[PDB]
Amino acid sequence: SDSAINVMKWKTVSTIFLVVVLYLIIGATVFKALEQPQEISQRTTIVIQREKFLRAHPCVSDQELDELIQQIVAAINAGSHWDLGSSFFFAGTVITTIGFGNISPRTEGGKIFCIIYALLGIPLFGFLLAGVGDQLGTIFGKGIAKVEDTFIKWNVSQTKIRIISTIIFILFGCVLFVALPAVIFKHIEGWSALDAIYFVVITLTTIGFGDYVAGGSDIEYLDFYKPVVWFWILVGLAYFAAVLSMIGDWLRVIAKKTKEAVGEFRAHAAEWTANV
């Protein structure tokens, strides 16, 4: 029965859908809980700054200030960040689906070329990202081969070592691809320890908020700083690519433990019910 297999699939999809919808509701409340207060204090202090500017300076009134604000808002639409170097940056953001968006095409023509460029670029880059990831994955293979002959054969059996190996991949991976670049971002880019990691994650996950852009701030980079972040991204995006895939498998493993843990809990409702 073909429609029976499809009923099993829609049952699976529909539950995950709710888990997602539920995951959204939970997060939506946690963010508002965290961000709501700062918005009020920050939005109240900005109000004190308008009232203080007209009081401190009789020179300016409400008639000139509103006209001023209208010009700054328009300045948001504009912002050279389209020079040879920044555009090459823009292209990278386009084909990686990071899209920080701080610099986006404002021309009807640039919008058309961006569309085409993206549709052709993103798949192209995917092949590269696949090879880079494959290379890095095999490099990792040579490393664990050296480690699997030292202290794998000794005490603990090989059945539980696969758990130890996965921890090594995360340890080093976090150090090289997260820790080191975050350290560098802090000093060079001036970002706090947290803001550094925040950038690393929101970037290598292709989220790309744009609130933190390494090399985006306008002042004083080193000669080879920008080229090194490019390489970090090519290899960084591949790392989270695997990491995100691993976390995915953790979920399909767990999803079963909870699904049978619910069958257990119902079971010992069942017989516990018949013994009464």
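Basically, rigid core = biggest C-alpha set you can superpose within 1.5 Å across the two forms. Start at 1 and count along the sequence shown; that's the residue number.
Undergrad: Line up the rigid core: which moves more in 5 other deposited structures of this protein, 95 to 103 or 158 to 166, by C-alpha RMS?
TA: More C-alpha displacement in 5 other deposited structures of this protein shows up in 158 to 166.
Undergrad: What stretch shows more C-alpha movement in 5 other deposited structures of this protein relative to this form, 122 to 130 or 145 to 153, after the core is superposed?
TA: The answer is 145 to 153, which departs more from the shown form in 5 other deposited structures of this protein.
Undergrad: Classify the number of deposited-sequence residues missing from the model between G79 and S80: none, 1 to 3, 4 to 9, or 10 or more.
TA: Per the deposited record, the segment joining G79 and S80 lacks coordinates for 10 or more residues.
Undergrad: Can you let me know which of the two, 137 to 145 or 120 to 128, has the higher average C-alpha B-factor in the entry?
TA: Mean C-alpha B-factor is greater for 137 to 145.
Undergrad: Out of 171 to 179 and 146 to 154, which one has CA B-factors that are higher on average in the deposited record?
TA: Here the higher of the two C-alpha B-factor means belongs to 146 to 154.
Undergrad: Sorting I48, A28, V243, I233 by Cα temperature factor from the record, which one lands on top?
TA: If I rank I48, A28, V243, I233 by C-alpha B-factor, first place goes to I48.
Undergrad: Given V73, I197, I115, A91, identify the residue with the highest C-alpha B factor in the PDB entry.
TA: Of the candidates given, the C-alpha B-factor peaks at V73.
Undergrad: Hey, what third does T96 fall into on Cα B-factor, ranked over its chain?
TA: Tercile = lowest for this residue's CA B-factor.
Undergrad: Check where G208 lands among this chain's C-alpha B-factors and tell me if it's the lowest, middle or highest third.
TA: It belongs to the lowest third of the chain when residues are ordered by C-alpha B-factor.
Undergrad: Going by the recorded CA B-factors, say which third of the chain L237 sits in, lowest, middle or highest.
TA: For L237, whose C-alpha B-factor we compare with every modelled residue in the chain, the answer is the lowest third.
Undergrad: Select lowest, middle or highest to describe the third in which the CA B-factor of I103 falls within its chain in this entry.
TA: Middle third by C-alpha B-factor.
Undergrad: Looking at the C-alpha B-factor of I161, is it in the lowest, middle or highest third of its chain?
TA: Its C-alpha B-factor, which the entry lists for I161, ranks in the highest third among residues of this chain.
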